[PDB]
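Data first, discussion second: the structure below is written as structure tokens.
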Amino acid sequence: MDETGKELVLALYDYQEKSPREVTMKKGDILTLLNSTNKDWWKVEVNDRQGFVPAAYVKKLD
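In terms of the deposited numbering, the sequence shown has 43 at position 43, counting the first letter as 1, and numbering is strictly consecutive.
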């Protein structure tokens, strides 16, 4: 989907997630933003596994 929502961010906190709509990230990793519309949760795609990434637990370093 994406929807004119291109961007990159860095894992600020090691998140393991649990739900299918979540995105597991490791403190110090890069992910591909998809939505970026919901501050609370920024939909992203990682390892053929897109879902929702925590903004607060991230850092735009790209």
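From the three backbone atoms N, C-alpha and C, an ideal C-beta is built for every residue, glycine too.
With a threshold of 16 other beta carbon atoms within 10 Å, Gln50 meets it and is buried.
In the displayed model, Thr24 falls within coil according to three-state DSSP, outside both helix and strand.
Across the structure, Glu22 and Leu61 are spaced so that their CA atoms are roughly 21 Å apart. Here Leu8 is exposed: its Cβ has fewer than 16 other Cβ atoms, across all protein chains shown, within 10 Å.
Counting along the chain, the unbroken beta strand (DSSP E) around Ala11 starts and ends at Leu8 to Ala11.
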